[PDB]
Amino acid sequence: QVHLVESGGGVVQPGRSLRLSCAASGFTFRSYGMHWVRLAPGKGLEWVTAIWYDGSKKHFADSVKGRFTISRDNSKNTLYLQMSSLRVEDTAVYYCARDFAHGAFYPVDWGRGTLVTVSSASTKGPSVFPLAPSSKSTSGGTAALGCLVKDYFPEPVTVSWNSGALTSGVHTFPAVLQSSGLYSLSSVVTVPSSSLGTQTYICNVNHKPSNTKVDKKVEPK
């Protein structure tokens, strides 16, 4: 049950600094070395840095030397990656990984990773429009309703229905990269047509980069 959790990601401007943390559990963290590996969109895996179990030795890829630094607190089972002078090409998902042993040999166990977006483009919150159901577009006796998430940057956007209590029939589509530069997506859910006047369907939308949380209620036309 080796468990690794990264945290600290977000959207920053080029030049900004940022510190990622990696919480480790299920093994003797004090004894093993740790790696930081990143995956940039379109590119492959890239090794970034590694540190020994006691911090004796540290290694850095030439693409981040002088800007990134690595540390660890054994008493709290946490690994740290301090990024500074961030550049646009640093946009990637950052994974922490447990080394085979004490030093820097190869990674074995990986965490889920955290996304870091470096861009000089302004963050824009989304627009939420309810897609109301009606007698139009009858799906064979049932009904199809949803909500529209329009003109948001950057990704991601998380969508749920009835605060996670409703899951059967929910389909969230992948986003589209418009010509303007912003993203947009839709999320539609199919329910029986007799439950339109009794059940309440709430479309939950959250956009972490713009700190926006909007829950629009979809009513029948």
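Numbers follow the displayed sequence, beginning with 1.
A.B. asks: Could you check which stretch, 129 to 137 or 146 to 154, carries the larger mean CA temperature factor in the entry?
C.D. replies: Comparing 129 to 137 with 146 to 154, the higher mean C-alpha B-factor belongs to 129 to 137.
A.B. asks: For the CA B factor values reported in this entry, which option in 162, 49, 184, 63 has the top one?
C.D. replies: Going by the entry's C-alpha B-factors, 162 comes out highest.
A.B. asks: Check the PDB entry and point out which of 45, 70, 189, 34 has the largest C-alpha temperature factor.
C.D. replies: Within the set 45, 70, 189, 34, 189 shows the top C-alpha B-factor.
A.B. asks: Should residue 9 be placed in the lowest, middle or highest third of its chain by the C-alpha B factor in the entry?
C.D. replies: Lowest third.
A.B. asks: Check where residue 200 lands among this chain's C-alpha B-factors and tell me if it's the lowest, middle or highest third.
C.D. replies: Its C-alpha B-factor belongs to the highest third of this chain's values.
A.B. asks: Based on the entry's values, in what third of the chain does the Cα temperature factor of residue 74 lie: lowest, middle or highest?
C.D. replies: It belongs to the lowest third of the chain when residues are ordered by C-alpha B-factor.
A.B. asks: Determine, from the deposited record, the chain-internal third of the Cα B-factor for residue 123: lowest, middle or highest.
C.D. replies: Middle third by C-alpha B-factor.
A.B. asks: Looking at the C-alpha B-factor of residue 19, is it in the lowest, middle or highest third of its chain?
C.D. replies: Tercile = lowest for this residue's CA B-factor.
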